Peer 1: 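Once you've had a glance at the structure underneath, I'll fire off some questions.
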Amino acid sequence: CXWXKXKXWXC
Amino acid sequence: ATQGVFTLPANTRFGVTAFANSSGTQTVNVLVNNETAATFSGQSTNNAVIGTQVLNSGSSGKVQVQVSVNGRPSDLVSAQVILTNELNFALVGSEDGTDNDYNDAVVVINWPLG
Amino acid sequence: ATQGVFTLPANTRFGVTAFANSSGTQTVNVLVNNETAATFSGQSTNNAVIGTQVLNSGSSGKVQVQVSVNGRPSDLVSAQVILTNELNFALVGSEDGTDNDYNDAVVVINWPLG
Amino acid sequence: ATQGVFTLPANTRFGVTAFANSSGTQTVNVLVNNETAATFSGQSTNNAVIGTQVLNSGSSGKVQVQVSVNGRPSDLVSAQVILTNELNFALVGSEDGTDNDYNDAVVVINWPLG
Amino acid sequence: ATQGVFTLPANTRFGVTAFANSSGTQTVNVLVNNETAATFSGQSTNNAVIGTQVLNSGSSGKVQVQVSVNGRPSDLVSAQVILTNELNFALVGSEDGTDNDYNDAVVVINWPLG
Ligand SMILES: *C(=O)C[C@@H]1O[C@@H](C)[C@@H](O)[C@@H](O)[C@@H]1O
Ligand SMILES: *Cc1ccccc1C*
Ligand SMILES: [Ca+2]
Ligand SMILES: [Ca+2]
Ligand SMILES: [Ca+2]
Ligand SMILES: [Ca+2]
Ligand SMILES: [Ca+2]
Ligand SMILES: [Ca+2]
Ligand SMILES: [Ca+2]
Ligand SMILES: [Ca+2]
């Protein structure tokens, strides 16, 4: 889920 | 275009079932007459059933499926299919991220029942 | 025409789920490459999920659904639908009697998973 | 199960279009409220349109497609698909022989018009 | 989600047929492997067949439908349906205005041919 760096930094 | 909205026959029972395929926790809301009639929540990357229920389509027959992950609506794809002019499937896929597999929550509505 | 037979992409995980809507006990068999991979059974007039399972389409991708009631094969209807060129549903209805509601066993196959 | 029979909303215009993919001459009959409303006949192995017409669904909304070749009824497959809860396609394939491509006559019905 | 994009089996002839239901002139472009392969234009509120053509899906099988009115892209909806595991329809609707009938250009792709 989400709009993301590194499988999730950004959400 | 609007997706996840289906006109069912008025005042009619239908089944709704949701599956999860995502690392994010899926929340599936089913609206009848614009009010939430069922809510399913769960997390699975192996197509687990996160909810199943029978509901009535209400006075207007309008049924809406909304999918969200931590409060943010996922992007929906949907269609209705009719077999032998009698058996109805309303189908929803959803995308909660960027890989566009659209399976993150899958919702199947079917009617008639009984 | 043949119904209930689908060619999936080879060695792909898929979900299969069966619903019952009949006074008769349904038996649903799922064959992959002509071998029995799953069997579901139950009796409900309210859409009970008599089985759900994750299978693999195998080297051939051939998946067939058969439905019977106390040994008597039901007449099948089926189709496959693809949304946003990626999300697949293979759909099966069946009739075990005379009212032709074709919901007596309903089977939904979905892929991709994960 | 019955194929090629569709229930449309009453008093509604719809398009019917027939394609041919066979060395045999196809005859496509379109029935509205069980009376012949259009007939197309032609031959093509290259998907040529052998007929297209605007029809009305009448008081009953019942539409039936029949296909034959040299007087023998072809086996039919059919389904209905609805996009964004508004756009309807009723789809028919037919088989006049043994290769089971079910394209020998292909009929597409669409509504609403306008 | 992306709409109007279909993956066909490679090196396979297919039919594409466009219908118009709008006060505006519809322009329909069909791209294969990212190159324009057919173009149809026309105005009709009567489901006129503004064009039909047989194309080859080529090495890529990638088929895209573009619809525009005076150079403005329409809002497309699409899906693919398969009957008796062999007869394929890729379906496109489109909306150029405010009434959301999604029929303003309708495009149907069918295969196999012959
Ligand atoms: C979030 O974007 C990732 C998420 O969970 C993954 C395991 C995968 O299922 C992906 O499709 C889903 O969007
Ligand atoms: C989509 C999501 C949910 C919760 C925490 C982090 C992220 C990226
Ligand atoms: Ca995803
Ligand atoms: Ca996923
Ligand atoms: Ca029955
Ligand atoms: Ca039943
Ligand atoms: Ca044939
Ligand atoms: Ca043929
Ligand atoms: Ca419009
Ligand atoms: Ca229109």
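Just so we're on the same page: letters track the sequence lines, and every chain starts at 1. Just follow the structure's listing: the first ligand is 1, and inside any ligand the first atom is 1. Note: hydrogens, waters and symmetry copies are ignored here, and every other heavy atom, side chains too, is used.
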Peer 1: Restricting to N, O or S atoms of C/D104, which is nearest to the Ca ion (ligand 6)?
Peer 2: OD1
Peer 1: Which is it for C/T12 and C/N56 under the side chain to side chain contact (heavy atoms under 4.5 Å, CB included) test, yes or no, and what are the steps along the way?
Peer 2: CA-CA 5 Å; C/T12 303; C/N56 195 291; 5.8 Å; no
Peer 1: Taking both backbone and side chain into account, is any N, O or S atom of C/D96 nearer than 3.0 Å to the Ca ion (ligand 5)?
Peer 2: no
Peer 1: Looking only at N, O or S atoms in C/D101, which is nearest to the Ca ion (ligand 6)?
Peer 2: OD2
Peer 1: Do any of the N, O or S atoms of C/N103 sit under 3.0 Å from the Ca ion (ligand 6)?
Peer 2: yes
Peer 1: Taking N, O or S atoms only and a limit of 3.0 Å, check whether C/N21 reaches the Ca ion (ligand 6).
Peer 2: yes
Peer 1: Would you tell me whether B/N33 and B/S59 have side-chain atoms, one donor and one acceptor, within less than 3.5 Å of each other?
Peer 2: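 Looking only at side-chain atoms, B/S59 and B/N33 do form a donor-acceptor pair, the distance falling under 3.5 Å.
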Peer 1: Examine B/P112 and say whether one of its N/O/S atoms is closer to the Ca ion (ligand 6) than 3.0 Å.
Peer 2: no
Peer 1: Between atom CD of B/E86 and atom OG1 of D/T2, what is the distance when rounded to the nearest 0.5 Å?
Peer 2: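 B/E86 CD to D/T2 OG1: 11.0 Å, rounded to 0.5 Å.
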Peer 1: The test is side-chain hydrogen bond (donor to acceptor under 3.5 Å, both in side chains); show your working for B/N29 and B/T39 and say whether it passes.
Peer 2: CA-CA 5 Å; B/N29 291 305; B/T39 302; 2.8 Å; yes
Peer 1: Evaluate C/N110 against B/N47 for side-chain hydrogen bond (donor to acceptor under 3.5 Å, both in side chains), listing each step before the verdict.
Peer 2: CA-CA 9 Å; C/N110 69 290; B/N47 208 50; 2.9 Å; yes
Peer 1: Run B/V92 and B/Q3 through side chain to side chain contact (heavy atoms under 4.5 Å, CB included) and show every step you take.
Peer 2: CA-CA 8 Å; B/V92 184; B/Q3 301 279 266; over 6 Å; no
Peer 1: Is the distance between the Ca ion (ligand 6) and the nearest N/O/S atom of C/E95 smaller than 3.0 Å?
Peer 2: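 No.
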Peer 1: Hey, is the Ca ion (ligand 6) within less than 3.0 Å of some N/O/S atom on C/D99?
Peer 2: no
